[PDB]
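Visitor: No letters, just coordinates:
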C-alpha cells in the first residue's frame, strides 16, 4: 500500500543517511580549495545571458550553483547568514560544518554511535571551544594607537584569501582609514564604491570627500571654491501640489495663460527663497527641468539632478549638513560646507570630486582593474574586509588566525573528553579532529604536508607556547604576533557556532521526503 | 577535441578514482551482512523467468547481480577465483579487498600519500602477515585420530554461516566421512547430492554404499542377492553393419528376410559373450532398446540405462570393477560384488540403493528440505564444506579461525611498521586496521558492540596469549581451542593473497575509458 | 543507560522482512477460505 | 620520492589548459588584423 | 451485460471500489506506514525529517502536525491521520506525535480481531467503553497542585516546559528556553490564574547571530525603520517625564481631501494663490498638534510625503512609514495607548508609554528593525529568536510555540500528569483488569486497547536502544507491587525511574485528548466498507 502520490521520492533507510552525508561532501570539496591565501578562484557558468562570474567567496558560489539536495541547502543557508551577519568566513563555516559530518559518518558506520550521542558530544565540546577563545582574546581598545594598528593586521588577513593578496599591504591602510572615518558606524551603505576599468590594480585610492558620478546640468562651472552645499529631496519640478482632484476652469484662453504663468511664479518664488541662504551650490535628488535650472544662472548657484536616495545619505554625511525642505524658515535649517568642488574625469565618464569637507563620516572608494571580473572581485573583497573592521569597532576583542585559533580550541576539547567517559568520548574527540582540518587545508592548497607540518603545530602548543602558528610562506611554524595575522573574535565565535548548529541539523534527519516538483 | 567519439564516458584523475572506491563500497556492503554465523541471507530475483535464489555465498551473489562498474567486476572475479581454488571465504575476500580501499581512501586524502607508495606498504605488510600466519599453523595428519577430529571442527565453522547452522552438529559427521572414504583422491565428482522435498533438514542421513536413481527393467525383479555389477561403455543400438558408411544391396527379397534376422543374431551373440561373466546386473550408458532387454530376463540379469557421464565413474569405483568395452576376454576386468541391490523409495521418486560394496571411493548425500530454496542452498552449503575438507587431505596445515587469524596477522604488521621510515609506514598500519574489520563485522551481525569485543581481543593478544578469540554466543572473549574452531591454512592464505592483489589493481587506475556498448 | 553499547544501522532489512510477511499473509488469506469441509473451490 | 604530496587533484591544472587553448584561439583570429598590413573583419 | 453498455455513475472505469477483507487490510497498512514514520520521531531520542515543498522550500521538523500538513498523499485513510495531528496541534498543541502512534496501535490490534470474525462495530464499542475507564483511572491518581503559592507554581511551569522542549532541534538551550517561556505567562495573565489570553504573545523570528542571543523583550518589534534617518536611532525620554508619549496615527499626513472623487476648479489666479498658502498651513498645523501634545515618536499607517521629513526633523519627532494595520493593534497594547483617528481628536491621554525606543544593527546589511522596551509589567510579550540557519529560526518558532501551548494548558485548574510513559502504563493495567470481570464477547476488546497503550512506552525504548520487552515488564510489575504510578521509561538514562525526582510533568488535558482523538477516529475508520476513489 503506497500512501504517497506518483513521482514522490523518499528514502527511509541507509540510502537516506548515505545521501545526506555524501551530499555535504561535494559541497565541502567545492569550497575546500578556496580556503587560504593560496586558494584558487572558482568560475560560474550562468544558464542565461552567458554572464560569467568569478568569485572566491563561498556564499556566492553556493547560492549561484543550483542544488536540489536538502543536505546541500543547509550548508547554503548558513553561508548566506554568515555573509549577512559578520560579512566574512562563509567558506570556513561551510568547510567546518562539512568536516563535522565527516567525523560523524565514521562513528555511525564503524563505531556504531547513536546519532544524538554525536550531537550531545558536540554540545560539551563546543562549550570548551568557546571558552578557550575567551581566555585567548586581547582587548587593545584601551589605546587608540594599538587599536588602529590591529585594524591593519585584520585587513591583511581577509584580503589575503582574495586576489588582492599582492597589493593588500597598500590596501590595508585604505580599508583601515575608511572605518576610522565612520567613527564607530557599522553601516557599510555610507561608503560608496566606484569601479573603474583599466589601469594598474595598485592605483586604487581613497579620497577625502564624496565622489559623485553625476555632473552639473548645463552652464554650471566645473571647479568652484567656497561653495555651500544644500540638499532638497522633494518636488521643486513642476509642482503638482498634493491632491489630484484639482483642475482649472477656463472660460477663455486669455485667463488660461495667466493660470499657467502663475505656476511659473510659484517656481520663481521658491527658488528666490533658496538664494536667501547664500549658497553657491544646490543639489536635488529629483531631476530638475530646464525652467527651474535657468533660475540658478543669475544667482550663481550650482545645480545637480538625478541623485539616488541612497547617495543622499552618503552625501549628507560627507558635507556634515542637513536635508532642507520647506525653505520658508531659514533658521532651523542647516547647510553643508565644502572647501572646493571640482569636476574631474576618470576614464570616459567625468566625475564630481569633493575636497576639504568638514565631516568625515562618509567617503567614496575608487577601484581600478584590468577586467570587470577583477572589479566585481575587488568590490566583494573589500566588502568582506570592511564588514569585519566595522564590527571590530563594536566588539574590540581579537584572536590570532592562521591555523592558531583552530588548534587552541582543540586543546580544551581533548581535556573534557576524559571526564565524560561513556561512548561520547569518540564524539568529543571527533570534534577535535574536525578542528584539525582547517589548518590542514591551508597547507594542502600551498602544496605542503598534511601530517608532519600539522604535527609540528600541535606539539608546539602542548609545550606551553600559545603564540605558535602556521606560516604558509616559508612552510614552517612561525610566531603570529610578529607576522601580524589576527582576526576578530566575533568571526571566531560565528564560525564555530554556525558549524556546530548546522551539524546538528542533518544528523537529526532519518528520512528525506521529496514532493512532486511544481 | 573529442578523439574517442560520441557516447564515450571517461573519467580522469580525481574523477577516475573514488569511482573504484565507492564501487568497492557498494559491492562490499552487499556481502557485509552475509559475513559470520549470524549473518543474513540475501535473496536474488532474476529480471526474467521470475526465478528467485536464496544464497549466503558472496561469490554467487556477485555473479547474478549485473554490474556495469569496471571496478565492481574486479571484486566479482576474485570472488570466483576464491570460489574456484577453494570455494569458501569468498565473502571475506570481497570484504577484505574492499576494506583495503576504504583505508587507502583516507591515506591519499588525509595524509596525502601517492597511490604507488601505498602499494609498497602492502608488499611489506603482506610479507610479515604470511610469516606470522604460517608459524601459527599446527601440523596435521601425523595421527589418524587428530586428523579426523580436525575435519569435524572445519565443517562446523563453514556451515556456521550457512542455513545449516542449526543442524550442522549432526552434519559434521556427514561431511567428514565422505572425505575419509575418498582414499586420498580429491574430487567432488564422486559425491552425489540429491534434493528431496518433505521432512526436515536434520533428516539427512549418510548413504552406506552408493545410491543413484534408476529403474529396473520391465520383467526384471527388484531384489537380487549377491548380484555382479558391470558397466559397459558401448551402447546397444542399431549399428548398421560395422563401419557405417554402407547400405544393403538387395536383388531379391528372399535374402532380405534373412538379412534382418542376421542383425538380430548379432546383438544376440553380443549378449552371449556378456552372459559368460555370470553377472546378475548390467548397466549401460545410454538408452537400451526393447529387443536386447528380453535377453536379460531369461538370463536373470538386471538392466540399468541412461547413465550419466558422472554416474559411470561413481558406480565403477564403489563396486571396484572397471568399464568393459570389448567383452572378449573374461579374465580381464574383474568385477566386484554388491550385497543388497534392493531399491527403496524416498518421496514420490524411487531411488536405487546399494549396500555392502568393496570400496567407498564414491559417495552420495541425501538432503531433505521444505522448499527448493532451501535445497538449492543445502547443495551449495555442503559443496563449500566438502571443498575445504577435500583440500585439507592434501594440505594439512590448519590455523585457528573465528576472528583470531586476522588479529594474529595484524600483530606482526604493527611490529614491523615502527622500523619503516617514510610516509609508506602509514599504509602499513592501514593494512593492520583493515584486517581488524573482519572480526568487527562478526560482532555487528551478532548484535554485540564491536568496540568492546575488538578492544578486549586486541589487547589480550599483545600480552602473549594467541589463543584468544571472539565468542558470539556469550558475547565475550573465549578460547578457540575449547570451542573447536579450526580453519585450513590454504583458506586464510588465499583470502589475504587475493584481497591484497585485488586492491593493488584498483589503486593503479588513474583513468577509465568506457567504450560505447554494443 | 542509552548512548552506550551499539546503535542499529541499515534498518531496511527490518522493513524487508515486514514486506515479506505481509505479502505472504496476503496469499494465505485467499487459500484460507478453502480450508475445511466448508471450503470452496478456486477457479484459475 | 615516495614522500611527495600527490595533492589528489590533477583537475586544476587540466582546467587551466582548456582555458588557455580557447583564449589563444580568440587572440589568433585578430592576429592577421594587426599593423598597417592588417585585414578588416566583417561581423 | 446483454450487449449494451451499463454505466450507473459517470467516470465508471475511472473510479474503483474496495470491499471485503481486502478493503480492511489496505486501511490498516495505510496507518502502519504512517505509524512507522512517526514512531521514529517520538520521544527525546527521536529524529527530525526533511519536508520538501513543491516550490523548493525545505522544512525539518519532528512534529507530526507539520510533517503531515506538507505531506502529499494519495490514500484517504492516511489523509485522515493528517487532520488527526492537526486536531492535536490546533487546540492543545502538545502530543501531536502521540495521537498517530496510539491510533495506529488501536488499528493494529483491531486487524487481529477482524480476522477472528468479530464485527467491527463490536470492536468500536469496546474501545469507547475502555476509553472512559482509562481516563477515570488516571484522574483519581493525579493530585491538585493549586494549593501551592505563586512561588511554587512557577516551578511546576518550569517542569512541564523542559519536557516539551525536548525531542526537537536546538534542545541544548532548553534550560534558558524554559525560563523565558514561563516569564511570558508571568507577565501576561489574569490575577485569578485563569483564562490567560494567548493572542497577547506574538512570535517574531529573526535570521542571524546565534541561539545564545535569544532573550525576552517586552514591546513591539517592527520591520520598518525611522523615516528620514537623520534623527538619532535610540530615542531617549526627557529628564523628568511621565513617559515617552508614543503617538499612533492611522491617517497619513496630507492636506484634507474628500474620500469621494472631487473636482477643484480654479477660475482665477487669486484662487490659485490661496491654494499655495492653504497648502503650507496644513503641514504647519499638523506638526504643531503633536508638539503641543508632548508626543515624540509618531507612527503612520500609510506614511507621509517628503514634505514632512524636514518638518518633523526640526521638532525632533521620530516617524515611521508604511506600518501594517495588524501591527497597529500590537502597538497600542504594549504601550497601553489609544489610536488617534485625527488631529482634532488628538489628546495627551491617548498617547502610549514605553521605556525606550531603539533599533539594532543586527548583521552587516540585512534590514533595519525597530525595538520597543517596557519599564514594568505589561500585557505584551514578544518572543525574540536568533539562529545561524533559516531552518533553525523557523523550527525554533513552533518549538517555543508548542512550549507555550503546554504552559497555557497548566493555567487550567487541577489538571497535571507525569510523562515518560508512566501515564500509558497506569491506564493499561486498569483496562486489562476489567476484561477478566466482564468476559463475554467484549473480553478481547479490552485486551486490544490495553496492548495499544503499551506501544508508546515500547516506542520510547526503540529510539533509546533499549529492550521494549524488558522495559515494559518492569513497569507492569511495579504497578502491581506498589500503587505508585510515577514509574516510567527514562530515555535520558539518568536513573531514578520515579518521575517526581526527574521533574518531568505533562498536562492532563493533553494526554486526555490523545485517547479521545485516537479512539474516536478508529471508530469511523472501522465503519468504512465500500471505498470509491476517483481518478485524478
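Guide: Received the coordinates, thanks. Numbers count the residues shown, from 1 in each chain, chains lettered A, B, ... in the order given.

Visitor: Tell me which stretches of the stretch 151-300 of chain E form strands.
Guide: Secondary structure of the stretch 151-300 of chain E by DSSP state E, counting those that start in this stretch: the strands cover E:201-205, E:221-222, E:247-249, E:264-266, E:298-300.

Visitor: Also the stretch 51-200 of chain A?
Guide: Here the stretch 51-200 of chain A has its strands, by DSSP E, counting those that start in this stretch, at A:53-55, A:138-139, A:192-197.

Visitor: and residue B:319, which of those strands is closest to it?
Guide: Among the strands of the stretch 51-200 of chain A, strand A:53-55 comes nearest to residue B:319, with 87.1 Å by CB to CB. In short, each C-beta sits where N, CA and C put it, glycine included.

Visitor: ok, and what's touching that closest one?
Guide: Contact partners of strand A:53-55, identified using CB atoms under 8 Å, 6 or more residues apart in numbering or on different chains, comprise A:41, A:42, A:43, A:44, A:46, A:60, A:61, A:64, A:373, A:376, A:377, A:380.

Visitor: Work out the sheet partners of it and label each with its direction, please.
Guide: Paired strands of strand A:53-55, with direction, are strand A:42-44 (antiparallel) (DSSP bridges).

Visitor: what about the partner strand, distance to the chain center?
Guide: Centroid separation for strand A:42-44 versus its chain: 19 Å, with CA atoms, centre = their mean, to the nearest Å.

Visitor: List the buried residues for that strand?
Guide: Judged by neighbour count using 16 or more other CB atoms under 10 Å in any protein chain shown, the buried positions of strand A:42-44 are residue A:42.

Visitor: residues from chain C in reach of chain E?
Guide: C:1, C:2, C:3, C:5, C:6, C:7, C:8, C:15, C:22, C:26, C:29 (CB under 8 Å from any CB of the partner chain).

Visitor: Which residues are in contact with the closest residue to the first one other than its chain neighbours?
Guide: Pointing back at residue C:1 there. Nearest residue to residue C:1, sequence neighbours excluded (CB to CB, 6 or more residues apart in numbering or on different chains): residue E:493, at 3.8 Å. Neighbouring residues of residue E:493 by CB under 8 Å, 6+ apart: C:1, C:2, C:3, E:464.

Visitor: so which strand or helix has residue E:493?
Guide: In this assignment (DSSP states H and E), residue E:493 forms part of neither any helix nor any strand.

Visitor: Show residues contacting the longest helix anywhere in chain E.
Guide: Taking DSSP state H as the criterion, chain E has its longest helix at helix E:269-292. With contacts defined as CB under 8 Å, 6+ apart, helix E:269-292 is touched by A:241-242, A:246, A:258-259, A:261-262, A:266, A:326, A:328, E:247, E:253, E:255-256, E:266, E:298, E:307-308, E:311-312, E:315, E:317, E:343, E:346.

Visitor: How far off centre is that helix?
Guide: In this view, helix E:269-292 has its centroid 50 Å away from the chain centroid, taken as CA atoms, centre = their mean.

Visitor: Return the set of buried residues in that helix.
Guide: Buried-residue list, helix E:269-292, by 16+ other CB under 10 Å: E:272, E:275, E:276, E:279, E:282, E:283, E:286, E:287, E:290.

Visitor: gap between the closest residue to residue C:5 other than its chain neighbours and residue E:289?
Guide: Among residues not flanking residue C:5 along the chain, residue B:449 sits closest, at 4.9 Å (CB to CB, 6+ apart). Noted for residue B:449: a distance of 79 Å to residue E:289, by CB to CB, to the nearest Å.

Visitor: the strands in the stretch 301-450 of chain E, which residues?
Guide: With DSSP E, counting those that start in this stretch, the ranges of strands along the stretch 301-450 of chain E come out as E:319-320, E:356-360, E:369-373, E:381-385.

Visitor: tell me which strands and helices the second one is in contact with?
Guide: In other words, strand E:356-360. When contacts are defined as 3 or more CB pairs under 8 Å, 6 or more residues apart in numbering or on different chains; DSSP states H and E, strand E:356-360 sits against strand E:369-373.

Visitor: is any part of the strand it packs on close to chain A?
Guide: No: contact of strand E:369-373 with chain A is not found when judged by CB under 8 Å from any CB; the minimum separation is 13.3 Å.

Visitor: so what's the residue nearest the centre of chain E up against?
Guide: In chain E, the C-alpha nearest the mean C-alpha coordinate belongs to residue E:401, at 4.2 Å (CA atoms, centre = their mean). Counting by CB under 8 Å, 6+ apart, residue E:401 makes contact with E:93, E:203.
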